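**Student:** just the starting chains for now, same placement as in the complex:
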Amino acid sequence: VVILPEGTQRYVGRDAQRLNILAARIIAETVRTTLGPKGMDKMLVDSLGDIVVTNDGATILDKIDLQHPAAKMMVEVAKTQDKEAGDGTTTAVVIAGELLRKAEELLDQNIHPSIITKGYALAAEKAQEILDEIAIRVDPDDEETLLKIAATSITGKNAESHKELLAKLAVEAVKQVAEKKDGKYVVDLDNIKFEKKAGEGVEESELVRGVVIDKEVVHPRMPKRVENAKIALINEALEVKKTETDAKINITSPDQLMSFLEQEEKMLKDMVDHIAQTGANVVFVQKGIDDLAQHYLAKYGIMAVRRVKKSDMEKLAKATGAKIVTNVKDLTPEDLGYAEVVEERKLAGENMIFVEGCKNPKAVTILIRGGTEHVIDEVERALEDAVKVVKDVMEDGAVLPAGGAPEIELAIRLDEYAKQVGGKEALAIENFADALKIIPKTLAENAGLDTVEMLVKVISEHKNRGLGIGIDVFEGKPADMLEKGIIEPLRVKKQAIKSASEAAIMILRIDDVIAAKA
């Protein structure tokens, strides 16, 4: 009997399983080649011909147009990993793939899915306990650590050539923006601007203790540089105000034509006059500025920029100290901000306003320079992770070695744990532990090393020497990640195992796939 529409496709039991797992395995196999300091990049071109060159796992999975649903779910793993911890996106997708691969060996041995699923949930929970335990508690503020986290992050990415600098710029920015409260920090990444402009070299990028607005000084007669600038922030358009209630002038005598043109003229002037009287010499207006207004600002020697982005008004406020005022009328000197220098400056041709030298900015800007548009785009991404990863540490105060060290310890510990629980769940558990080895395994692989030999060396060397033993892909030998300074946030590995696990266990429970026709 015709129950489902002609065109609907369906797979049940093992077919549903074989398919779903394979799609996931293939996606993981697609991004794993990107993982690690010797991992390479992918060039992606969408339907419109837009080109994206990047090493980022999340970006890749996001830009690429996947079909198979199982493959789409893996994307969720990378996306969530990215929002919560920054780095580790390729790691989570890769681990998720391997977990499934190891589960199908069991699935094939006829272990009921519920058992595998239960075993994994146990291993996953136990992996978090171990991580919280073997993590290196650190000084949320320690610059030396924040720098290694940043530098380690900016590795195996196009921008690695200038990681010392970029790391430095990334740590400084987060430190400044970071808000202290209860010996515990909180970082709002919106207080860090990323302004990019091709030209020069990446080595020319910098941190501006203030804001870099891609705007211009409205009037040519205004000053292009103001030293000890008193900044005023208004978001009310400098123009002739009209009531909300409909209203219309009723001219009855010829003299009114003038009296009303002048009244509007006076209103416009009084606004500018009011501004001047606060002693402000620089004004940023979120909205428009009539020509007459601009003219008086110019005659006052007041520099002015109009139609400034809402988010840009906020950064200026936090950097300069200035307080945004809705109406010019309410502007007082106590609302002006400070900046050592504010000036129009041309970058790769285009003019831009620089508000720098702010006392203690609560918002900062990283100016990214580079040889081509594509270059500065992939630097901005590298920098985005660096910032988030630095953030993770200042907020968590916990760090771990990299090089596969965590995944290796976990694989040793979780396996021993398996023996403790026994039964068929112990099979799922030891399989979970096994799957974790793709991280160290993939690192050596991408480095063109003999996968089998390396694992043998690190595991044993790690078992002997300790928690920090991981793979130094550059030197192609086991090494102490801690001494090498190869370090990452605890959160990266925590979120990575959480998302991958939950995703795997969800996919692993699907024994019936029913897709309609598109």
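**Tutor:** Alright, I've got the coordinates. Numbers count the residues shown, from 1 in each chain, chains lettered A, B, ... in the order given.
**Student:** packing partners of whichever strand or helix holds residue A:58?
**Tutor:** Assigned by DSSP states H and E, residue A:58 belongs to helix A:57-63. Using 3 or more C-beta pairs under 8 Å, 6 or more residues apart in numbering; DSSP states H and E as the contact criterion, the elements in contact with helix A:57-63 are helix A:13-32, strand A:42-45, strand A:51-54, helix A:69-85, helix A:89-108. All C-beta atoms are positioned from the backbone trio N, CA, C, and that covers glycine.
**Student:** ok, and what's touching the helix or strand containing residue A:455?
**Tutor:** Residue A:455 is part of helix A:451-465, with elements assigned from DSSP H and E. Contact with helix A:451-465 is made by A:404-405, A:408-409, A:411-412, A:437, A:440-441, A:444-445, A:469-471, A:476-478, A:480, as judged by C-beta atoms under 8 Å, 6 or more residues apart in numbering.
**Student:** so what touches the helix or strand just after it?
**Tutor:** Later in the chain than helix A:451-465, the nearest helix or strand by DSSP H and E is strand A:469-472. The contact list for strand A:469-472 (C-beta under 8 Å, 6+ apart) reads A:401-405, A:408, A:440, A:443-444, A:454, A:458, A:461-462, A:477-481, A:484, A:486.
**Student:** try 6 Å this time
**Tutor:** A:401, A:403-405, A:440, A:443-444, A:458, A:461-462, A:478-479, A:481 (C-beta atoms under 6 Å, 6 or more residues apart in numbering).
**Student:** stretch A:17-30 too?
**Tutor:** Under the contact criterion C-beta under 6 Å, 6+ apart, stretch A:17-30 has outside partners A:11, A:68, A:70-71, A:74, A:93-94, A:97, A:100-101, A:104, A:507, A:510.
**Student:** which of the residues in it are buried?
**Tutor:** A:17, A:19, A:20, A:21, A:22, A:23, A:24, A:25, A:27, A:28, A:30 (16 or more other C-beta atoms under 10 Å).
**Student:** then chain B, please:
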Amino acid sequence: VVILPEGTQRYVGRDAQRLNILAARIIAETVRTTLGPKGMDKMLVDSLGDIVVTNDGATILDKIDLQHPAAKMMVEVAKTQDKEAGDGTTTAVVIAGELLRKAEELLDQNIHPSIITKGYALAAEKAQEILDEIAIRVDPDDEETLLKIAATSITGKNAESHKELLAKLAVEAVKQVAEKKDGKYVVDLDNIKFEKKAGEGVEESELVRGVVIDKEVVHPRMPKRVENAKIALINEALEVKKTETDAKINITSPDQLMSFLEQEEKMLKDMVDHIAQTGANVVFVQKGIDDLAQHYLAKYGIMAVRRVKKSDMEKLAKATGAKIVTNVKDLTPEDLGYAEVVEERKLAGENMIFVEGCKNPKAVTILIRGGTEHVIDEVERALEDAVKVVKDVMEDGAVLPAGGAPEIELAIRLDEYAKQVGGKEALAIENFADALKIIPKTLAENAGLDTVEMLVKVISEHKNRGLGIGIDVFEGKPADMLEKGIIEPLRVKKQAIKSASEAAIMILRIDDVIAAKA
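**Tutor:** Just below you will find chain B, in place on the chains above:
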């Protein structure tokens, strides 16, 4: 003669019956593999490409694009179960499938349909008396019982890995929200919000004795945290009011251009002033909030949120005690609510507002966290069922054992009831009793146990040890369900038989199908 339009399909008698019962049987066979704590899930992809991975029967049947009308009939059963009792969607459809299957054996024996129908109705009514009679009455808020109900509900779903936590949250939320009238409890599930947000793990989900609104503080200079918050709830927009009747300002002198602007200016300000005067320091406005208003509101150090959903306004009142006022002017201190803490906060990046720590909230929020969108989506569903099962018991005050125990009880007795009425109705009644065993049969079937033997052992032991005996899928052995806490609501089983029966009878009365071309 050409009576019907070309393309019209028609089936009569055995044909009409054979196809109708087949589609239903198949729809039942499709969701049965989802039944029980060992049941699996289905991934459903629609014509747009949106993915739905779940275990819930109603969701499945609802999301799938069914063609055959008899199949569409079954969708009604699962749906009604879901609204009325929450859990039990799949079993209702399964029983309905089985009932029709056993009925056809009688049709084939040439028993007139009206007799089979009569037997089923007799059997179904008798089943309700039996269910009401063996039902285990317990007291409405017995936390221990409620926790077993929620835990039993959560098992067999993706979330089961964390059922202890989720059960606890479900129960707490319902106990708090529940209202008692005349020694009777009534629960409006609208006083329980579910907020989702990927990141962390399902293990991080919590119960907020207050409200989590997905919005942010409208003004940057407003506080982001208010401790002993005095909350004001207003829905009228904080903007310049206009009459319902049309009006237009008729300007006649220049001095007016200013006088009217300042009047609107004053109106805006007066509102904010009035709010401040009540003592309020946190205000949720349902409509919009003018820049000028936000500016004054800010200067007062009052946190404010614009465009808050009406449903969220209602639960903020229920929770904080605040009273929703329409016009700012009518706001009073007695209209203000309380919250131990109200603060903006970022979750996986996106900002949010927490109104936590209310005295005796009447509405609460279960904040769900998870590794991926799909995971929190399924968790939400599980939480939904859990909550409704807990509601069933607080309102009904009756519970039954699970594991196919009730069905085995029903099967025994109903079969004995048959012997009583005798005749041909007796055949229909004894078949209804037989049909009821798919539940225990399917539990064993999805667990990989020998259906025939398990069925023999339960019915046997059940007859010796009574009501409590059902199947323990996790131990592949019969067991006292009451002892193991494997318990479920009386409503779940009652509503199941009701909908399963009426549907089966309706289909069974059909001896002519007439379908027009689409």
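**Student:** check the contacts of strand A:469-472 one more time with chain B there.
**Tutor:** Residues outside strand A:469-472 that contact it (C-beta atoms under 6 Å, 6 or more residues apart in numbering or on different chains) are A:401, A:403-405, A:440, A:443-444, A:458, A:461-462, A:478-479, A:481.
**Student:** out of those, which sit inside strands?
**Tutor:** Among the contacts of strand A:469-472, the ones falling in strands (DSSP state E) are A:401, A:478, A:479.
**Student:** OK, contacts around the first one?
**Tutor:** With contacts defined as C-beta under 6 Å, 6+ apart, the neighbours of residue A:401 are A:468, A:470, A:481, A:482.
**Student:** what about the nearest residue to it once chain neighbours are set aside, distance to chain B?
**Tutor:** Among residues not flanking residue A:401 along the chain, residue A:481 sits closest, at 3.4 Å (C-beta to C-beta, 6 or more residues apart in numbering or on different chains). Going from residue A:481 to chain B by C-beta to the nearest C-beta, to the nearest Å gives 26 Å.
**Student:** ok, residue A:481 to residue A:131 distance?
**Tutor:** 15 Å (C-beta to C-beta, to the nearest Å).
**Student:** count the neighbours of the closest residue to residue A:14 other than its chain neighbours for me.
**Tutor:** Once flanking residues are discounted, residue A:14 sits nearest to residue A:107: 7.6 Å by C-beta to C-beta, 6+ apart. Residue A:107 has 18 neighbours, counted by other C-beta atoms under 10 Å in any protein chain shown.
**Student:** equivalent analysis for residue A:88, please.
**Tutor:** What residue A:88 shows, counting by other C-beta under 10 Å, is a neighbour count of 33.
**Student:** residues contacting it?
**Tutor:** Residues counted as contacts of residue A:88 (C-beta under 6 Å, 6+ apart) are A:81, A:492, A:496.
**Student:** quick one: which of those is nearest chain B?
**Tutor:** Within these, distances to chain B taken as C-beta to the nearest C-beta reach their minimum at residue A:81, with 8.7 Å.
**Student:** which phi and psi does residue A:304 have?
**Tutor:** Main-chain torsions, residue A:304, degrees, to the nearest 10: phi -140, psi 140.
**Student:** chain C comes next; put it on the structure above:
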Amino acid sequence: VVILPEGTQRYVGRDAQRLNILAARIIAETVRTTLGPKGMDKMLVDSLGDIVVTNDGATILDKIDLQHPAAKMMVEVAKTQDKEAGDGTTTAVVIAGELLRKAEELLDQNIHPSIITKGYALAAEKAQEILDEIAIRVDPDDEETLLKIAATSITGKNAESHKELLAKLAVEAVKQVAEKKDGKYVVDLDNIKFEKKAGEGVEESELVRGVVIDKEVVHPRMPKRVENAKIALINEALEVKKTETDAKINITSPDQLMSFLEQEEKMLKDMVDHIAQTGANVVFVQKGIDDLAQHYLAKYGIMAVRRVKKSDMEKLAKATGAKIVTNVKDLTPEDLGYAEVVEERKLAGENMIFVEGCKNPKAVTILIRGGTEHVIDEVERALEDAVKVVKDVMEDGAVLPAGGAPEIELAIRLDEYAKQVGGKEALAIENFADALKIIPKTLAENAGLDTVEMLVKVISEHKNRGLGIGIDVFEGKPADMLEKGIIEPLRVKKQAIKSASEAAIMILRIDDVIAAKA
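**Tutor:** One more chain to add, chain C, which I have set with the ones above:
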């Protein structure tokens, strides 16, 4: 640069392997469900609506229209197995598939395929030795064991309902036509004919110590039954002969039109007359028989058949003892054969000739009766196997237990062998040993038993009691196969392993698939 033609497909490395192996495994999982006493059958309908219902692995794979190259390669395994041992066609394919599954696990470890390949060959050669050792030697003609071989061969098929009768016929037939040159037996399965005729049940099937031919007695006045028949076997047609060299009669007088006519008559009469003179009373002619000749044979009371099939002439000779002569002229008494009864009978309404009661028939016929044509076709296949496995044991005094006992013995021993080889080959040898368990595994699987549990009991017991311990699917537990009388030829296992092994190694060696557009 365009090297290959558009439409050409190519896969390389892991892709070529993934594809090839997945293909092989799928084709193996497909025929897998027919293995063992509780293996089921498949109905194959080709493009011409022709229907085939078997349990035979070789028949299935040969009839299915396979697209994938890898799949096509498994067919050769099934086919070569059938030609050499009869049974084990499915086993060979199932093992080959598992062998590849276990090998990709090593491929994923990045174990060079050269190593996996070398290891598998060691395991295979070792397996042959082990088989030759554990092989139980018996008397090639020992009826007792011969019947056990046949009876186990037949079980698990449609004709098992009558495995006693059928085995008796098979063992009897092969024994009779079997030739013992020098203390060594050799058997030509061509001396055993299979005749099918729908009608009655499979129980009426029988062994004719002679030949059954689907022909009729050429002339009506000829005897339909001849008691102690003196059979004559003529090859040339009984017609007016003609020279090889072109020739024509040149008539010159009326008297010749008649003399040449009477001469051709005389020629026909002499032939028949001559035959008659030998004393022959039954005559099978391979070619035609002129109407005049028929008339004479009739007068002489000689029963004759014309147009007898060549292969039947040879069976008639081998059975009756008659010597086949080319020209009637050379036929003599010493050439006549003997049959205790040559008679015409109707079967399913069709006339057939029965030559039975032969002295020491060297060619024999098994007459197959059945309920339908399909039933009869499947019994014929069931018999073709019984006949061949019996043949195996008469030429090889070797026999082995079944129920997966051999594969279990091999898995245990080959695992030990691995240890003394060590290194990565050890891994490969272990996987080859592991792979061998799908036999016992799927035997239990098809019986509905628990694979994991069974495997543990069998191996445990086998280790305790010895070589004969295997799975008794009918009783659902381990048992002694030798006592139970469940034995198979040594050949079945030896060939299976070879074919499976050589094919697996061949596929593992591929790393580049290049397919032209069809």
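**Student:** back to the contacts of strand A:469-472, now that we've got chain C?
**Tutor:** With contact meaning C-beta under 6 Å, 6+ apart, strand A:469-472 is reached by A:401, A:403-405, A:440, A:443-444, A:458, A:461-462, A:478-479, A:481.
**Student:** note down every partner strand of that strand and its orientation.
**Tutor:** strand A:477-480 (antiparallel) (DSSP bridges).
**Student:** how about the partner strand: buried residues?
**Tutor:** Within strand A:477-480, the residues that count as buried by 16 or more other C-beta atoms under 10 Å in any protein chain shown are A:478, A:479, A:480.
**Student:** run through the bridge partners of the first one.
**Tutor:** Okay, so that is residue A:478. Under the criterion used (DSSP bridges), residue A:478 bridges to residue A:471.
**Student:** now it: how far from residue A:415?
**Tutor:** For residue A:478, the distance to residue A:415 (C-beta to C-beta) stands at 19 Å.
**Student:** ok so, going back, roughly how far is the helix holding residue A:58 from the heart of the chain?
**Tutor:** 13 Å (C-alpha atoms, centre = their mean, to the nearest Å).
**Student:** what sits up against it?
**Tutor:** A:31, A:42, A:44, A:52, A:75, A:78, A:79, A:82, A:89, A:90, A:93.
**Student:** the residues you listed: which ones sit near chain B?
**Tutor:** When contact is defined as C-beta under 6 Å from any C-beta of the partner chain, those do not meet chain B at all.
**Student:** quick one: those as JSON lines, columns for neighbour count and distance to residue C:124 too.
**Tutor:** Shown next, in JSON lines, are those (neighbours: other C-beta atoms under 10 Å in any protein chain shown; distance: C-beta to C-beta, whole Å):
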{"residue": "A:31", "neighbour count": "26", "distance to residue C:124": "39"}
{"residue": "A:42", "neighbour count": "18", "distance to residue C:124": "42"}
{"residue": "A:44", "neighbour count": "16", "distance to residue C:124": "46"}
{"residue": "A:52", "neighbour count": "19", "distance to residue C:124": "50"}
{"residue": "A:75", "neighbour count": "21", "distance to residue C:124": "44"}
{"residue": "A:78", "neighbour count": "30", "distance to residue C:124": "44"}
{"residue": "A:79", "neighbour count": "22", "distance to residue C:124": "48"}
{"residue": "A:82", "neighbour count": "25", "distance to residue C:124": "50"}
{"residue": "A:89", "neighbour count": "31", "distance to residue C:124": "45"}
{"residue": "A:90", "neighbour count": "28", "distance to residue C:124": "41"}
{"residue": "A:93", "neighbour count": "34", "distance to residue C:124": "39"}
